[PDB]
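Residue numbers (the authors' numbering), protein chains in the order written: chain J, 385 to 395, 412 to 427, 434 to 475, 536 to 605, 627 to 683; chain M, 6 to 128; chain N, 539 to 587, 590 to 937; chain F, 164 to 522. The beta-carbon is built from N, C-alpha and C at its ideal position, and this holds for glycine as well.
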């Protein structure tokens, strides 16, 4: 590069002009808790109202008296690394949990590097992490959580078990959905775990 | 609000904190009052400590985050003490509450989520 | 039927007497020859209840071949009661029955190093290293070379043990202890760092590295090494206790209390962490901290030793003696609890309580203690007795 | 709807001085980039491999506790002299690096101190009796402080909101400060007054950092929109977007294209300036990335902290996990590399500050 963009724009464009450009917004109900006495008073009032309604209905002659007797505004996106997706029930249970949890993503498999990326709500991501980390029993084959952050919107459409024997094809498939950085970080973490 | 009250939660954060405080007080896992919160933080059995920014004076709650720096507990300040008192199941306003951990309670995941969400507000 | 007879003999030995149990053990030994377990049980019953133990050891050596544990117990009973050169001849005869240098050569080297003529011990260690080399034999050879004097041959043997047994942190810890006893101290820190980076999970090597980085000044590097040891395990109770002790050694009492609270939140079922939190607490606040330590970590020797120290500090000798007796009954192998019981018997009580504490320390050998390992790992008190080590642990409190 | 407003002539004179000081600096940076581009790929690859091997064996040492308050920010002094820390208390100590000895702790604040960043030419060509460091608190205060006085100077009362961070200009005569009043102030050292208040975000700005040449200045806060405003007449055209969380850290690379922004969405945005796009979205950690620092004048790496107990030193470019500089016990708030590149301090919420040195 010969010069930068601001250096080419300035070189004379300096003046005493302060501006406020691009004022954009960044991408509510409160419950009430009632004490035991308040709950008892409400129950008494409701019972009195029901008794009054029954008395009015009986006195009206209508019936005889009873006989005496959100993916928006932030989506939690996790990415885990597994040594072998061979475990059918464990992988199936984790995938089933993610699918039952209205969570999208992908499950890419490779030589000793399996990247399972899920994206959904926080209560679904916590359940998927508890399923993949405590419920799904893998065993040398272990599953660890590589990353867990937040994104603006979901990237993938649905959980599709992709497969690529080489890292370049899986990286291109992740870059087609705009998630090649997480797969590259998972591959780098797998290489650092295998080297150390 | 008070500038000394830090950190300050948002609207949905205070709603989730009030729901967790009501679930803890209904399951007998919450202690209301500043002295009970100080006793729970001194004993090391308090999972979280919530304060009120609408306290006059707020300095009587000022030892509540500092004890949170002595026992490694998350601290948060509510918007009003009357809302914290109504969420604690009492007609009187509460200025300081302590949600304590229990032996395998069902609200441990919600308490862990509230501790994870309250640790990012103080920055 | 032999297992039921051994169980009945053990129940009779634990119940009322020892003559019928010894008769049942002799009947089970004379009915059919058994493995080393029944011979070890008979040797333990003879040692717990002089001549009968030597006769049982001779019968086990004559009727049960390939029993290194029974031969070692017979050699120990001959060295303690009978004679040391007779136990040396018994170990030499057991070396002609078992050609393996795993435990017989180390016992012969220990018997030759407990007495004089340490050149014979060095020759036996060299023969054990040339016949069947191992990490424990090399560590025993380095200890026998470093107990006399810190010679360069001991450093060369420690370097050869670190080059041949780099996976074992004991050789790196011995090399760091040999280099720390020299004039310089950077070589011991480098050897401790190599042992911490080569194990990679070595708790006593990291504790020695933190102690060397704290005692030689610049305790910030010691705190960094303690944090790396706590994060490298991860969340070890010993590394957290060492970091809490390093924080309490300085003027940062609030940081030490925060580290103790973090260690209790990361490991509540730890006796040493509960004892450190009870000792770091206040004097009117210790009655609740000891109750919380007893409720969280029940039937623990370190928590009982901390309760005994709190009862002795509160001018209650009748409660401190009962807590020391409960600590000795829960775990008699503890060194710190036995040292605290000996200090409580020497501070408050007659000579009968001190004699009973000395008999309890000489019956079961204390190990894995805080004050016991500080005097048992030094070269000046390596070949000493148990009573002198207990007196040195009680006098240094 | 970019509305324009006229300013004073002193702000225009300071903008003309900043342009006249940045244009030969940009010319020298372009000449250095053309000289580095003329170097062959073999020696550059060998230097990059040597830098990666030096950054991979980065051990943490000299973890000296500052005070009982957790450390919120750290700034390296020029020429590897010291390191100014800013904890949650009112004191701003200056520890002698790599000796880890505190000396001349600059106190004078009442609330929780924010980012105490020293001047880029403080230890180089400025007197120690004059103003050398600039600190900020949780209230509205931007106070100058010396290195051998242990007392603050005449602060700027033009900020009435929570001043999160403050960073001095590379020229030395200016200093930006990100306040919580949905604007960022630009105080002057020669004029001794606030020259401009650029409001480029709807929410309060958190981190403000100028470029390597001093022409541009990157902003960012709770409005989730990174603005790169020019020092001549404003007009931020390099708008950074994509992060759904609050931008808590901004750092300008010595190269004219790359710019690192740290957000709370567990990612870091290395965006380009010649294309006005995001070149890399690196998942550095899983916690909220608050601290972020660029490389020195060599320009090879980037050290990004987070709310976890670790800090990732990644390559620049490439966005690869080169070094995991863990060892802390709290949220890593504030980190700065030295001017020599061999030492880097990372303040954390465990009330301690260590330094990563090559083994």
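> Which term fits residue 438 (chain F), buried or exposed, when burial requires 16 or more other beta carbons within 10 angstroms of its beta carbon?
Replying inline: For the purposes of this step, residue 438 (chain F) is identified with residue 275 of the fourth chain, where counting begins at 1. Sixteen is the threshold: since fewer than 16 other Cβ atoms of the shown chains lie within 10 Å of the Cβ of residue 438 (chain F), the residue is exposed.
>> Does chain J have any CB closer than 8 Å to the CB of residue 446 (chain F)?
In response: Within the fourth chain, numbered from 1, the residue matching residue 446 (chain F) stands at position 283. Residue 446 (chain F) counts as touching chain J.
>> Taking 6 Å as the limit between beta carbons, can you name the residues of its chain near residue 573 (chain J), skipping five residues before and five after?
In response: The residue given as residue 573 (chain J) occupies position 107 in the first chain. Within the same chain, residue 573 (chain J) has close Cβ partners 582, 648.
> For residue 49 (chain M) versus residue 801 (chain N), is the C-beta distance shorter than 8 Å?
Replying inline: Translated into the one-based positions of the second chain, residue 49 (chain M) becomes position 44. Translated into the one-based positions of the third chain, residue 801 (chain N) becomes position 261. One thing to note: residue 49 (chain M) has its Cβ within 8 Å of the Cβ of residue 801 (chain N).
> Just checking, does the region 624-641 of chain N make contact with the region 605-616 of chain N on the three C-beta pairs under 8 Å criterion?
Replying inline: They touch, by the three-pair rule.
> Closest to residue 865 (chain N) by CA distance: which of N:652, N:896, N:723, N:689 is it?
Replying inline: Taking the first residue of the third chain as position 1, residue 865 (chain N) is located at position 325. Ranked by how close their Cα comes to the Cα of residue 865 (chain N), the residues N:652, N:896, N:723, N:689 have N:896 in first place.
> If you draw a straight line from the alpha carbon of residue 901 (chain N) to that of residue 915 (chain N), how long is it in whole angstroms?
Replying inline: Taking the first residue of the third chain as position 1, residue 901 (chain N) is located at position 361. Taking the first residue of the third chain as position 1, residue 915 (chain N) is located at position 375. As the crow flies, the alpha-carbon of residue 901 (chain N) is around 15 Å from that of residue 915 (chain N).
> With burial defined as no fewer than 16 other Cβ atoms inside 10 Å of the residue's Cβ, what is the status of residue 165 (chain F): buried or exposed?
Replying inline: Translated into the one-based positions of the fourth chain, residue 165 (chain F) becomes position 2. Counting of Cβ neighbours within 10 angstroms places residue 165 (chain F) among the exposed residues, the total staying below 16.
> For residue 558 (chain J), does the count of other Cβ atoms within 10 angstroms reach 16, so buried, or fall short, so exposed?
Replying inline: On the first chain, residue 558 (chain J) is found 92 positions in, with the first residue counted as 1. Within 10 angstroms of the beta-carbon of residue 558 (chain J) lie fewer than 16 other beta-carbons, which makes it exposed.
> In terms of alpha-carbon separation, which member of N:667, N:660, N:910, N:882 lies closest to residue 813 (chain N)?
Replying inline: Numbered from 1 along the third chain, position 273 holds the residue referred to as residue 813 (chain N). For residue 813 (chain N), the closest alpha carbon among the candidates N:667, N:660, N:910, N:882 is that of N:910.
> So residue 498 (chain F) and residue 432 (chain F) are in contact, right, with Cβ under 8 Å, and what is the actual spacing, rounded?
Replying inline: In the fourth chain, counting from the first residue as 1, residue 498 (chain F) sits at position 335. In the fourth chain, counting from the first residue as 1, residue 432 (chain F) sits at position 269. Not really, about 17 Å apart at Cβ, beyond 8 Å.
>> Run through chain M and tell me which residues come within less than 7 Å of residue 439 (chain J), C-beta to C-beta.
In response: The sequence position of residue 439 (chain J) within the first chain is 33, counting from 1. Neighbours of residue 439 (chain J) across chain M, judged by C-beta separation under 7 Å: 23, 27, 91, 92, 94.
>> Can you tell me whether residue 315 (chain F) is helix, strand or coil according to DSSP?
In response: As a working mapping, residue 315 (chain F) is identified with position 152 in the fourth chain. For residue 315 (chain F), the three-state secondary structure derived from DSSP is strand.
> Using a C-beta cutoff of 8 Å, does residue 224 (chain F) count as contacting chain N?
Replying inline: Counting from 1 along the fourth chain, the entry for residue 224 (chain F) is found at position 61. Judged by the 8 Å Cβ criterion, residue 224 (chain F) is in contact with chain N.
> At which residues does the alpha helix (DSSP H) containing residue 451 (chain J) begin and terminate?
Replying inline: The count along the first chain starts at 1 and reaches residue 451 (chain J) at position 45. Taken as a continuous stretch (DSSP letters only), the alpha helix (DSSP H) holding residue 451 (chain J) covers 442-466.
>> For residue 937 (chain N), which residues in the same chain have their Cβ closer than 6 Å to its Cβ, ignoring the five residues on either side in sequence?
In response: If you number the third chain from 1, residue 937 (chain N) lands on position 397. Sequence-distant Cβ neighbours of residue 937 (chain N) in its own chain, meaning closer than 6 Å and more than five residues away, are 883.
>> Just to confirm my understanding: we take residue 267 (chain F), look at its own chain, exclude 5 residues before and 5 after, and list those with CB closer than 7 Å. What are they?
In response: Reading the fourth chain from its first residue, position 104 is the one you call residue 267 (chain F). Excluding sequence neighbours, residue 267 (chain F) sits near 257, 310, 311, 313.
> At a CB-CB cut-off below 9 Å, which residues of chain F make contact with residue 125 (chain M)?
Replying inline: Taking the first residue of the second chain as position 1, residue 125 (chain M) is located at position 120. Within 9 Å Cβ-Cβ: 427, 450, 451, 470, 494.
> Within the chosen definition, does the region 691-702 of chain N reach the region 710-726 of chain N through at least 3 CB pairs nearer than 8 Å?
Replying inline: By the Cβ rule, the region 691-702 of chain N counts as touching the region 710-726 of chain N, because three or more pairs are nearer than 8 Å.
> Mind checking whether residue 833 (chain N) and residue 848 (chain N) have CB atoms under 8 Å apart?
Replying inline: Counting from one through the third chain, the residue named residue 833 (chain N) turns up at place 293. Counting from one through the third chain, the residue named residue 848 (chain N) turns up at place 308. No.
>> Per the DSSP calculation, residue 548 (chain J) is bridged to which residue(s)?
In response: In the first chain, the residue the question calls residue 548 (chain J) occupies position 82. Residue pairing by DSSP puts residue 548 (chain J) in a beta bridge opposite J:580, J:630.
> Which residues in chain M sit within 9 Å of residue 734 (chain N), going by Cβ to Cβ distance?
Replying inline: Locating residue 734 (chain N) in the third chain gives position 194, counting from the first residue. The contact set of residue 734 (chain N) on chain M, defined by CB atoms closer than 9 Å, is empty, because the minimum CB distance reaches about 33 Å.
> Taking residue 588 (chain J) as the reference, which of J:459, J:670, J:674, J:544 has the closest Cα?
Replying inline: Position 122 of the first chain holds residue 588 (chain J). In terms of Cα proximity to residue 588 (chain J), the closest of J:459, J:670, J:674, J:544 is J:544.
> Out of F:280, F:330, F:362, F:378, which has the shortest C-alpha to C-alpha gap to residue 418 (chain J)?
Replying inline: Looking up residue 418 (chain J) in the first chain gives position 18. Taking only the C-alpha atoms, the option nearest residue 418 (chain J) is F:362.
> Span of the beta strand (DSSP E) holding residue 517 (chain F)?
Replying inline: Locating residue 517 (chain F) in the fourth chain gives position 354, where the first residue counts as 1. Judged by DSSP secondary structure, residue 517 (chain F) falls within the beta strand (DSSP E) whose first and last residues are 515-521.
>> Looking only at its chain, what residues have a beta carbon closer than 6 Å to the beta carbon of residue 272 (chain F), apart from the 5 residues adjacent to it on each side?
In response: Residue mapping note: residue 272 (chain F) aligns to position 109 of the fourth chain, counting from 1. So the list reads 253, 300, once near-sequence residues are dropped.
>> If you reduce the DSSP assignment to three classes, tell me which class residue 857 (chain N) lands in.
In response: Position 317 of the third chain, counted from the first residue, corresponds to residue 857 (chain N). Note: residue 857 (chain N) maps to helix in three-state DSSP.
> Which residues, in chain order, does the region 278-306 of chain F contribute to contact with chain M at a C-beta distance below 7 Å?
Replying inline: From the region 278-306 of chain F, only 302 have a Cβ closer than 7 Å to chain M.
>> Can you list, in chain order, the residues of its chain with a C-beta nearer than 6 Å to that of residue 648 (chain N)? Leave out the 5 residues immediately preceding and following it.
In response: On the third chain, position 108 is the one that residue 648 (chain N) refers to. If you ignore the 5 residues before and after residue 648 (chain N), its C-beta comes within less than 6 Å of the C-beta of 631, 664, all in its own chain and listed in chain order.
> Relative to chain J, which residues along the region 168-192 of chain F have a C-beta separation below 7 Å, given in chain order?
Replying inline: So the list reads 168, 169, 170, 171, 172, 174, 175, 178, 179, 182, 186, 189, given in the order they occur along the chain.
>> Run through the DSSP bridge pairs and tell me what residue 223 (chain F) is partnered with.
In response: Here residue 223 (chain F) is taken as the residue at index 60 of the fourth chain, counted from 1. For residue 223 (chain F), which the question treats as bridged, DSSP gives the partners F:519.
> Which residues in the same chain have their Cβ closer than 7 Å to the Cβ of residue 603 (chain N), if we skip the five residues on either side of it in sequence?
Replying inline: Taking the first residue of the third chain as 1, we reach residue 603 (chain N) at position 63. Cβ within range, chain order: 571.
> With a cut-off of 8 Å, does the C-beta of residue 411 (chain F) fall near any C-beta of chain M?
Replying inline: As a working note, residue 411 (chain F) is residue 248 in the fourth chain. True, the Cβ-Cβ gap to chain M drops below 8 Å.
>> Taking 8 Å as the threshold (C-beta atoms), are residue 251 (chain F) and residue 240 (chain F) in contact?
In response: Working through the fourth chain from its first residue, we reach residue 240 (chain F) at position 77. Working through the fourth chain from its first residue, we reach residue 251 (chain F) at position 88. Their beta carbons are not under 8 Å apart, which means residue 240 (chain F) does not touch residue 251 (chain F) by this criterion.
>> Please classify residue 562 (chain J) as buried or exposed, where buried requires at least 16 neighbouring CB atoms within 10 angstroms.
In response: Taking the first residue of the first chain as position 1, residue 562 (chain J) is located at position 96. When all chains shown are included, residue 562 (chain J) counts as exposed.
> Are the beta-carbon atoms belonging to residue 792 (chain N) and residue 782 (chain N) less than 8 Å from one another?
Replying inline: Here residue 792 (chain N) refers to the residue found at position 252 of the third chain. Here residue 782 (chain N) refers to the residue found at position 242 of the third chain. Contact: no.
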